[PDB]
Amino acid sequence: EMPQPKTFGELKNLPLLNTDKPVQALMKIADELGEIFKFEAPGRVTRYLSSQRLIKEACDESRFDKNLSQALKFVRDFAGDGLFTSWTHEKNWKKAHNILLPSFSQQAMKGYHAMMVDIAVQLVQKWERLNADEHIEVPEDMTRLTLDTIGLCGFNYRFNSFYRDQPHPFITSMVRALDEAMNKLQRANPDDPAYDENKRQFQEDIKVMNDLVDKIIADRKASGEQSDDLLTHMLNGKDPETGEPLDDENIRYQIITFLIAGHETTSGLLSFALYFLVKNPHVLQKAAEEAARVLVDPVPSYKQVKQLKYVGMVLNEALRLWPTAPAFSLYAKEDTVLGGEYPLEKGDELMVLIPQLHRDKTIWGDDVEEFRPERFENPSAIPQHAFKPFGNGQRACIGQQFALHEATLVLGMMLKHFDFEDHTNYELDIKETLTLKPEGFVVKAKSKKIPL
(Lines of atoms letter the chains of each structure in order from A and count residues from 1; the text may use other names and numbers.)
(Lines give C-alpha, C1' and ligand atoms only; values in the text may rest on other atoms or scores of the structure.)
Protein backbone atom coordinates (compact mmCIF):
# COMPACT_ATOMS: atom_id res chain seq x y z
CA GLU A 1 0.00 0.00 0.00
CA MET A 2 2.66 2.54 -1.09
CA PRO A 3 1.42 6.12 -0.96
CA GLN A 4 0.55 7.63 -4.32
CA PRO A 5 -0.72 11.08 -5.30
CA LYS A 6 -3.97 11.87 -7.09
CA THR A 7 -4.68 10.05 -10.41
CA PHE A 8 -6.40 11.10 -13.64
CA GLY A 9 -8.16 7.92 -14.85
CA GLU A 10 -6.14 6.21 -17.61
CA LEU A 11 -3.49 8.97 -17.52
CA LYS A 12 -2.60 7.87 -13.96
CA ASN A 13 -0.28 10.46 -12.31
CA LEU A 14 1.11 11.91 -15.58
CA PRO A 15 -0.84 15.19 -15.68
CA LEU A 16 0.79 16.11 -12.34
CA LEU A 17 4.01 16.77 -14.29
CA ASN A 18 2.15 18.94 -16.80
CA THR A 19 3.20 22.12 -15.03
CA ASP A 20 6.04 24.60 -15.45
CA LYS A 21 7.41 23.66 -11.97
CA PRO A 22 7.32 19.83 -11.74
CA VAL A 23 10.12 19.37 -9.17
CA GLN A 24 8.45 21.87 -6.84
CA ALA A 25 5.18 19.98 -7.39
CA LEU A 26 6.90 16.69 -6.50
CA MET A 27 8.32 18.30 -3.35
CA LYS A 28 4.82 19.38 -2.29
CA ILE A 29 3.58 15.85 -2.92
CA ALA A 30 6.47 14.51 -0.86
CA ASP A 31 5.46 16.78 2.04
CA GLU A 32 1.95 15.32 1.87
CA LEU A 33 2.82 11.64 1.40
CA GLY A 34 6.17 11.21 3.17
CA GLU A 35 9.44 9.40 2.44
CA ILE A 36 8.21 7.29 -0.50
CA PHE A 37 5.52 7.55 -3.14
CA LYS A 38 4.62 5.71 -6.29
CA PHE A 39 4.31 7.66 -9.50
CA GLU A 40 2.62 5.99 -12.47
CA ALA A 41 2.15 7.05 -16.08
CA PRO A 42 0.81 5.00 -18.98
CA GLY A 43 3.22 2.09 -19.42
CA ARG A 44 5.61 3.14 -16.63
CA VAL A 45 6.21 3.47 -12.91
CA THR A 46 8.78 5.00 -10.54
CA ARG A 47 9.10 5.65 -6.84
CA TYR A 48 10.15 8.99 -5.41
CA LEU A 49 12.36 8.84 -2.34
CA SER A 50 12.76 11.73 0.10
CA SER A 51 14.23 10.35 3.34
CA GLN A 52 17.83 9.65 4.19
CA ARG A 53 16.64 6.33 5.66
CA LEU A 54 15.63 5.03 2.24
CA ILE A 55 18.08 6.95 0.07
CA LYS A 56 21.08 5.42 1.94
CA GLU A 57 19.90 2.01 0.63
CA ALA A 58 19.30 3.42 -2.85
CA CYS A 59 22.88 4.69 -2.86
CA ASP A 60 24.23 1.18 -2.33
CA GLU A 61 25.93 0.57 -5.65
CA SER A 62 25.80 -3.19 -5.24
CA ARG A 63 21.99 -2.92 -5.24
CA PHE A 64 21.25 0.01 -7.54
CA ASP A 65 22.89 1.63 -10.59
CA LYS A 66 22.19 4.92 -12.40
CA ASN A 67 19.12 4.88 -14.61
CA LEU A 68 18.64 7.23 -17.55
CA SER A 69 15.39 9.04 -16.65
CA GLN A 70 13.12 10.07 -19.52
CA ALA A 71 14.65 13.55 -19.53
CA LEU A 72 18.15 12.07 -19.88
CA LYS A 73 17.06 9.75 -22.73
CA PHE A 74 16.01 12.86 -24.67
CA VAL A 75 19.18 14.76 -23.72
CA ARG A 76 21.04 11.72 -25.07
CA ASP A 77 19.93 12.65 -28.59
CA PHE A 78 22.46 15.50 -28.41
CA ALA A 79 24.76 14.54 -25.48
CA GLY A 80 25.08 10.99 -26.86
CA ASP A 81 27.26 8.57 -24.89
CA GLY A 82 29.03 11.38 -23.03
CA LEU A 83 29.53 10.72 -19.31
CA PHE A 84 26.20 12.22 -18.20
CA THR A 85 23.86 10.37 -20.60
CA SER A 86 25.62 7.00 -20.80
CA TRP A 87 24.80 3.77 -18.97
CA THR A 88 27.44 2.47 -16.55
CA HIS A 89 27.77 -0.72 -18.56
CA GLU A 90 28.63 1.15 -21.81
CA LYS A 91 32.32 0.81 -22.69
CA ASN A 92 32.57 4.54 -23.39
CA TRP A 93 31.32 5.39 -19.89
CA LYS A 94 34.11 3.56 -18.08
CA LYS A 95 36.75 4.65 -20.64
CA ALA A 96 35.80 8.34 -20.38
CA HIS A 97 35.49 8.06 -16.60
CA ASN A 98 39.00 6.61 -16.24
CA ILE A 99 40.54 9.10 -18.66
CA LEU A 100 38.80 12.25 -17.35
CA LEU A 101 38.85 11.77 -13.58
CA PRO A 102 42.47 12.99 -13.18
CA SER A 103 41.81 16.21 -15.09
CA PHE A 104 38.92 16.96 -12.63
CA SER A 105 40.64 16.47 -9.27
CA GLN A 106 40.88 19.12 -6.59
CA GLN A 107 44.55 19.26 -7.59
CA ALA A 108 43.83 19.68 -11.32
CA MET A 109 42.10 22.95 -10.42
CA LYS A 110 45.53 24.53 -9.92
CA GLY A 111 45.97 24.32 -13.68
CA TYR A 112 42.55 25.84 -14.42
CA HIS A 113 42.78 28.60 -11.77
CA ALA A 114 44.28 31.26 -14.04
CA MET A 115 41.57 30.82 -16.70
CA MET A 116 38.84 30.93 -14.00
CA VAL A 117 40.32 34.24 -12.76
CA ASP A 118 40.29 35.59 -16.35
CA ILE A 119 36.50 35.19 -16.53
CA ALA A 120 35.90 36.21 -12.91
CA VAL A 121 37.80 39.49 -13.49
CA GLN A 122 35.57 40.13 -16.53
CA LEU A 123 32.50 39.78 -14.27
CA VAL A 124 33.96 42.11 -11.59
CA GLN A 125 34.90 44.73 -14.25
CA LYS A 126 31.42 44.61 -15.76
CA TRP A 127 29.89 45.38 -12.35
CA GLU A 128 32.51 48.04 -11.53
CA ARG A 129 31.55 49.79 -14.78
CA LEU A 130 27.81 50.02 -14.15
CA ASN A 131 26.36 53.47 -13.53
CA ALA A 132 24.67 54.48 -10.27
CA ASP A 133 21.00 53.71 -10.97
CA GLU A 134 21.74 50.45 -12.80
CA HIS A 135 21.25 46.92 -11.52
CA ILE A 136 22.47 43.37 -12.06
CA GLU A 137 20.46 40.55 -13.64
CA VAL A 138 22.00 37.80 -11.50
CA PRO A 139 21.17 34.46 -13.20
CA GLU A 140 21.96 36.06 -16.57
CA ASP A 141 25.41 37.27 -15.48
CA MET A 142 26.27 34.04 -13.60
CA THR A 143 25.47 32.12 -16.80
CA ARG A 144 27.80 34.35 -18.87
CA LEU A 145 30.47 33.58 -16.28
CA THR A 146 30.00 29.81 -15.98
CA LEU A 147 29.62 29.16 -19.67
CA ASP A 148 32.68 31.19 -20.48
CA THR A 149 34.69 29.50 -17.71
CA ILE A 150 33.99 25.97 -18.88
CA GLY A 151 34.59 27.05 -22.51
CA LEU A 152 37.99 28.56 -21.67
CA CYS A 153 39.30 26.07 -19.04
CA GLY A 154 38.02 23.03 -20.88
CA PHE A 155 38.55 23.82 -24.58
CA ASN A 156 40.49 27.09 -24.81
CA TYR A 157 37.49 28.64 -26.55
CA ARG A 158 36.14 32.12 -25.73
CA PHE A 159 32.34 32.44 -25.93
CA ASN A 160 32.87 36.11 -24.98
CA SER A 161 29.53 36.22 -23.17
CA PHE A 162 30.31 39.56 -21.45
CA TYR A 163 30.57 41.19 -24.93
CA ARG A 164 27.02 40.19 -25.87
CA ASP A 165 23.29 40.33 -25.28
CA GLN A 166 22.66 37.71 -28.01
CA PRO A 167 24.45 34.60 -26.70
CA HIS A 168 26.53 32.29 -28.95
CA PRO A 169 24.86 30.42 -31.85
CA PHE A 170 25.95 27.25 -30.01
CA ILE A 171 24.18 28.12 -26.75
CA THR A 172 20.88 29.18 -28.40
CA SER A 173 20.84 25.79 -30.17
CA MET A 174 21.83 24.10 -26.88
CA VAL A 175 19.15 25.96 -24.86
CA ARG A 176 16.54 25.22 -27.54
CA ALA A 177 17.69 21.58 -27.62
CA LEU A 178 17.24 21.39 -23.84
CA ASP A 179 13.82 23.04 -24.16
CA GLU A 180 12.57 20.50 -26.69
CA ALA A 181 13.78 17.58 -24.53
CA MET A 182 11.95 19.04 -21.51
CA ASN A 183 8.67 19.44 -23.43
CA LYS A 184 8.59 15.84 -24.71
CA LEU A 185 7.93 14.65 -21.13
CA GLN A 186 4.31 15.84 -21.51
CA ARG A 187 3.46 14.70 -25.02
CA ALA A 188 1.01 11.95 -26.01
CA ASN A 189 1.86 10.22 -29.33
CA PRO A 190 5.36 11.50 -30.26
CA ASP A 191 4.84 10.53 -33.95
CA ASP A 192 1.95 13.07 -34.31
CA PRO A 193 2.41 15.25 -37.46
CA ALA A 194 1.65 18.23 -35.15
CA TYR A 195 5.24 17.94 -33.84
CA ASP A 196 6.97 17.66 -37.26
CA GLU A 197 8.16 21.29 -36.87
CA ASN A 198 9.59 20.45 -33.44
CA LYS A 199 11.55 17.50 -34.84
CA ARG A 200 12.81 19.72 -37.69
CA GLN A 201 14.07 22.29 -35.19
CA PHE A 202 15.65 19.70 -32.87
CA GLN A 203 17.71 18.41 -35.81
CA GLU A 204 19.04 21.88 -36.77
CA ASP A 205 20.35 22.58 -33.24
CA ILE A 206 22.32 19.30 -33.06
CA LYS A 207 24.13 20.20 -36.31
CA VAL A 208 25.11 23.59 -34.89
CA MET A 209 26.60 22.02 -31.76
CA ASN A 210 28.25 19.08 -33.61
CA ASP A 211 29.80 21.25 -36.37
CA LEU A 212 31.32 23.83 -34.00
CA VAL A 213 32.73 21.25 -31.60
CA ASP A 214 34.10 18.84 -34.26
CA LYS A 215 35.73 21.84 -35.95
CA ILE A 216 37.49 22.84 -32.74
CA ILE A 217 38.56 19.21 -32.19
CA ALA A 218 40.09 19.07 -35.68
CA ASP A 219 41.67 22.55 -35.53
CA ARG A 220 43.40 21.46 -32.30
CA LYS A 221 44.51 18.08 -33.71
CA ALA A 222 45.94 19.76 -36.83
CA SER A 223 47.46 22.57 -34.75
CA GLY A 224 49.17 20.09 -32.41
CA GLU A 225 49.45 22.88 -29.81
CA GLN A 226 49.69 22.02 -26.14
CA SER A 227 47.21 23.58 -23.75
CA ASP A 228 46.64 21.74 -20.48
CA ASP A 229 42.82 21.94 -20.85
CA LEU A 230 40.28 19.10 -20.88
CA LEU A 231 40.44 18.75 -24.66
CA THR A 232 44.23 18.28 -24.63
CA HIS A 233 43.93 15.72 -21.88
CA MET A 234 41.32 13.87 -23.93
CA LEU A 235 43.34 13.93 -27.20
CA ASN A 236 46.42 12.38 -25.59
CA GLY A 237 44.71 10.39 -22.81
CA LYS A 238 44.61 6.59 -22.67
CA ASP A 239 42.29 4.56 -20.45
CA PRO A 240 44.53 2.49 -18.10
CA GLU A 241 42.19 -0.54 -18.23
CA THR A 242 41.59 -0.94 -21.98
CA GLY A 243 44.68 1.05 -23.10
CA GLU A 244 42.39 2.88 -25.56
CA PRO A 245 41.84 6.62 -26.13
CA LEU A 246 38.41 8.20 -26.60
CA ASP A 247 37.51 8.46 -30.28
CA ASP A 248 36.69 11.88 -31.80
CA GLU A 249 32.91 11.43 -31.82
CA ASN A 250 32.89 10.63 -28.09
CA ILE A 251 35.22 13.55 -27.32
CA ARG A 252 32.62 15.79 -28.98
CA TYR A 253 29.85 14.33 -26.85
CA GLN A 254 31.98 14.97 -23.76
CA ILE A 255 32.48 18.61 -24.82
CA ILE A 256 28.76 19.16 -25.38
CA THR A 257 28.13 17.46 -22.05
CA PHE A 258 30.59 19.67 -20.10
CA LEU A 259 29.14 22.71 -21.76
CA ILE A 260 25.63 21.67 -20.72
CA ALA A 261 26.38 20.03 -17.36
CA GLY A 262 26.92 22.14 -15.50
CA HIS A 263 27.32 25.69 -16.63
CA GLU A 264 23.61 25.91 -15.83
CA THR A 265 23.84 24.02 -12.53
CA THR A 266 26.85 26.11 -11.49
CA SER A 267 25.22 29.42 -12.45
CA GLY A 268 22.13 28.32 -10.50
CA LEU A 269 24.34 27.72 -7.48
CA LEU A 270 25.91 31.16 -7.60
CA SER A 271 22.49 32.77 -8.15
CA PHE A 272 20.93 30.95 -5.20
CA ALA A 273 23.97 31.69 -3.03
CA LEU A 274 23.76 35.45 -3.68
CA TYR A 275 19.97 35.28 -3.13
CA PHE A 276 20.44 33.72 0.30
CA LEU A 277 23.18 36.21 1.16
CA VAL A 278 21.08 39.31 0.44
CA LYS A 279 18.17 37.78 2.35
CA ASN A 280 20.43 37.06 5.38
CA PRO A 281 22.53 40.18 6.07
CA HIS A 282 24.44 38.76 9.06
CA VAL A 283 25.54 35.85 6.92
CA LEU A 284 26.53 38.20 4.08
CA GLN A 285 28.62 40.25 6.52
CA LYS A 286 30.42 37.12 7.86
CA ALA A 287 31.13 35.98 4.31
CA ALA A 288 32.34 39.49 3.29
CA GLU A 289 34.61 39.68 6.34
CA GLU A 290 36.24 36.38 5.35
CA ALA A 291 36.73 37.52 1.74
CA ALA A 292 38.32 40.78 2.90
CA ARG A 293 40.59 38.94 5.38
CA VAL A 294 41.72 36.20 2.95
CA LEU A 295 41.78 37.75 -0.55
CA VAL A 296 44.67 40.16 0.22
CA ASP A 297 46.04 40.37 -3.36
CA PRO A 298 44.41 41.96 -6.47
CA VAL A 299 44.42 38.50 -8.08
CA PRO A 300 43.16 35.63 -5.90
CA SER A 301 45.56 32.68 -5.65
CA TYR A 302 44.53 29.02 -5.69
CA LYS A 303 45.60 28.66 -2.00
CA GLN A 304 43.50 31.69 -1.02
CA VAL A 305 40.37 30.21 -2.63
CA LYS A 306 40.93 27.01 -0.59
CA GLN A 307 41.05 29.22 2.52
CA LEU A 308 37.55 30.64 1.94
CA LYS A 309 36.00 28.27 4.48
CA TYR A 310 32.85 30.25 5.23
CA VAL A 311 32.17 31.00 1.58
CA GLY A 312 32.36 27.22 1.00
CA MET A 313 29.84 26.77 3.84
CA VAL A 314 27.56 29.34 2.19
CA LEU A 315 27.69 27.39 -1.10
CA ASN A 316 26.96 24.05 0.59
CA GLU A 317 23.94 25.53 2.43
CA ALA A 318 22.66 26.91 -0.90
CA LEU A 319 23.13 23.44 -2.42
CA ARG A 320 21.25 21.95 0.53
CA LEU A 321 18.17 24.13 0.05
CA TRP A 322 18.16 24.34 -3.77
CA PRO A 323 20.29 21.66 -5.41
CA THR A 324 20.33 22.87 -9.00
CA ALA A 325 20.27 19.36 -10.51
CA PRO A 326 17.45 18.35 -8.19
CA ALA A 327 16.91 14.64 -8.96
CA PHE A 328 18.59 11.53 -10.21
CA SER A 329 17.21 8.13 -11.25
CA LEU A 330 18.25 4.58 -10.22
CA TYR A 331 17.27 1.01 -11.11
CA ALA A 332 17.48 -2.14 -9.01
CA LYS A 333 20.34 -4.43 -10.14
CA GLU A 334 18.60 -7.44 -8.58
CA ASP A 335 15.42 -8.19 -6.59
CA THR A 336 15.75 -6.45 -3.25
CA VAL A 337 13.72 -5.02 -0.40
CA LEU A 338 13.78 -1.34 0.42
CA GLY A 339 13.48 -0.26 4.05
CA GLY A 340 12.32 -3.70 5.20
CA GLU A 341 8.88 -2.94 3.69
CA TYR A 342 8.92 -2.35 -0.07
CA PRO A 343 9.89 -5.28 -2.27
CA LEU A 344 11.42 -4.35 -5.61
CA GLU A 345 12.23 -6.47 -8.63
CA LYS A 346 15.27 -6.27 -10.88
CA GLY A 347 14.82 -3.27 -13.19
CA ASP A 348 12.40 -1.33 -10.95
CA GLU A 349 13.15 2.41 -10.86
CA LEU A 350 13.67 5.05 -8.17
CA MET A 351 13.90 8.84 -8.25
CA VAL A 352 15.95 10.54 -5.56
CA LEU A 353 14.26 13.88 -4.81
CA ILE A 354 17.31 15.77 -3.54
CA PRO A 355 15.63 18.93 -2.23
CA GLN A 356 13.46 16.73 0.01
CA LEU A 357 16.39 14.59 1.21
CA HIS A 358 17.96 17.90 2.18
CA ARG A 359 14.92 18.78 4.25
CA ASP A 360 14.90 15.50 6.22
CA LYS A 361 14.22 16.67 9.78
CA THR A 362 15.65 13.50 11.32
CA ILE A 363 19.02 14.54 9.87
CA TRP A 364 18.94 18.33 9.83
CA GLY A 365 16.73 19.29 12.80
CA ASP A 366 13.40 21.09 12.69
CA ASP A 367 14.66 24.39 11.18
CA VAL A 368 15.20 22.92 7.67
CA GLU A 369 13.98 25.99 5.74
CA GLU A 370 16.44 28.31 7.42
CA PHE A 371 19.64 29.33 5.66
CA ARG A 372 22.42 28.55 8.16
CA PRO A 373 25.90 27.97 6.68
CA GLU A 374 27.06 26.93 10.17
CA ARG A 375 25.46 23.50 9.59
CA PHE A 376 28.59 22.91 7.51
CA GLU A 377 31.14 24.00 10.16
CA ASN A 378 32.39 20.38 9.99
CA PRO A 379 31.12 18.75 6.77
CA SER A 380 32.29 15.34 8.10
CA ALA A 381 29.54 15.49 10.75
CA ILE A 382 26.94 14.96 8.06
CA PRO A 383 25.80 11.31 7.91
CA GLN A 384 26.43 9.22 4.79
CA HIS A 385 24.00 9.83 1.88
CA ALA A 386 22.35 12.76 3.71
CA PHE A 387 23.73 15.51 1.46
CA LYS A 388 23.83 14.57 -2.22
CA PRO A 389 23.78 17.65 -4.48
CA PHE A 390 26.39 15.99 -6.76
CA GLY A 391 24.70 12.59 -6.90
CA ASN A 392 26.09 9.23 -5.91
CA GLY A 393 29.12 6.96 -6.12
CA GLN A 394 30.93 6.25 -9.39
CA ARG A 395 28.12 8.13 -11.17
CA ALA A 396 28.59 11.27 -9.07
CA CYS A 397 29.33 14.64 -10.64
CA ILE A 398 32.77 14.52 -12.19
CA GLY A 399 32.72 18.34 -12.16
CA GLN A 400 32.11 18.80 -8.44
CA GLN A 401 35.56 20.20 -7.57
CA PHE A 402 35.55 22.43 -10.70
CA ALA A 403 32.14 23.85 -9.89
CA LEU A 404 32.99 24.46 -6.21
CA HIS A 405 36.37 26.09 -6.94
CA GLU A 406 34.83 28.33 -9.58
CA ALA A 407 31.89 29.31 -7.34
CA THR A 408 34.12 29.94 -4.32
CA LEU A 409 36.58 32.12 -6.31
CA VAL A 410 33.85 34.18 -7.92
CA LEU A 411 31.68 34.59 -4.83
CA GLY A 412 34.84 35.48 -2.85
CA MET A 413 35.72 38.17 -5.40
CA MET A 414 32.13 39.48 -5.45
CA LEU A 415 32.07 39.80 -1.66
CA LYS A 416 35.52 41.50 -1.64
CA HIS A 417 34.66 44.08 -4.30
CA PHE A 418 30.99 45.07 -3.71
CA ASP A 419 28.22 45.71 -1.21
CA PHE A 420 24.90 44.24 -2.40
CA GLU A 421 21.37 45.60 -2.11
CA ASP A 422 18.19 43.61 -2.64
CA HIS A 423 16.64 46.80 -4.08
CA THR A 424 13.35 45.21 -5.20
CA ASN A 425 12.93 42.96 -2.12
CA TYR A 426 12.91 40.11 -4.61
CA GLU A 427 10.32 37.34 -4.15
CA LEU A 428 11.85 33.95 -4.89
CA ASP A 429 10.49 32.49 -8.13
CA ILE A 430 12.25 29.28 -9.12
CA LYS A 431 12.24 28.54 -12.86
CA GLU A 432 12.64 24.91 -13.90
CA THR A 433 14.39 23.77 -17.06
CA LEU A 434 15.19 20.43 -15.67
CA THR A 435 17.76 22.55 -13.63
CA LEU A 436 16.68 25.24 -11.11
CA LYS A 437 17.24 29.03 -11.14
CA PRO A 438 15.83 32.11 -9.37
CA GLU A 439 14.12 33.83 -12.29
CA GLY A 440 14.10 37.61 -12.24
CA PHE A 441 16.60 37.84 -9.37
CA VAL A 442 18.17 41.32 -9.47
CA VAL A 443 20.44 43.31 -7.18
CA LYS A 444 22.45 46.53 -7.10
CA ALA A 445 26.14 46.34 -6.36
CA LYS A 446 27.97 49.30 -4.87
CA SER A 447 31.72 49.09 -5.42
CA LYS A 448 34.08 49.17 -2.46
CA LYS A 449 36.65 50.66 -4.92
CA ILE A 450 39.36 48.06 -4.46
CA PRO A 451 41.64 47.84 -7.53
CA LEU A 452 42.20 44.61 -9.51
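Numbering starts at 1 and follows the sequence shown. Take the two forms, find the largest set of C-alpha atoms that superpose within 1.5 Å, and that set is the rigid core.
After a core fit, does 257-265 or 359-367 show the bigger CA gap to the shown form in 9 other deposited structures of this protein?
-> With the rigid core fitted, 257-265 is the stretch that strays more in 9 other deposited structures of this protein.
Could you say which moves further from this form in 9 other deposited structures of this protein, stretch 313-321 or stretch 160-168, by root mean square CA distance after aligning on the core?
-> Stretch with the larger root mean square C-alpha distance in 9 other deposited structures of this protein: 160-168.
Would you determine, from the values in the PDB entry, which of 49-57 and 64-72 has the greater average C-alpha temperature factor?
-> The deposited B-factors put 64-72 ahead on the C-alpha mean.
Between 320-328 and 182-190, point out the one with the higher average CA B-factor as the PDB entry records it.
-> Mean CA B-factor is higher for 182-190.
Go through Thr362, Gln125, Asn210, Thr146 one by one and give the residue whose Cα B-factor in the PDB entry is largest.
-> Of the candidates given, the C-alpha B-factor peaks at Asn210.
Whose C-alpha has the highest temperature factor in the PDB entry: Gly268, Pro355, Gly111, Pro102?
-> Checking the PDB record, the top C-alpha B-factor among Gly268, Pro355, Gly111, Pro102 is at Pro102.
With respect to C-alpha B-factor, does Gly399 fall in the lowest, middle or highest third of the chain as deposited?
-> As the PDB entry reports it, the C-alpha B-factor of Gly399 lands in the lowest third of its chain.
Ranked against its chain, the third holding the CA B-factor of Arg44 | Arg44: CA B-factor falls in the highest third of its chain.
Ranked by Cα temperature factor within the chain, is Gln166 in the lowest third, the middle third or the highest third?
-> Top third by C-alpha B-factor.
What third of its chain, lowest, middle or highest, does the C-alpha temperature factor of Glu204 fall into?
-> For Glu204, the deposited C-alpha B-factor lands in the highest third.
Lowest, middle or highest third: where is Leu308 by Cα B-factor in its chain?
-> It belongs to the lowest third of the chain when residues are ordered by C-alpha B-factor.
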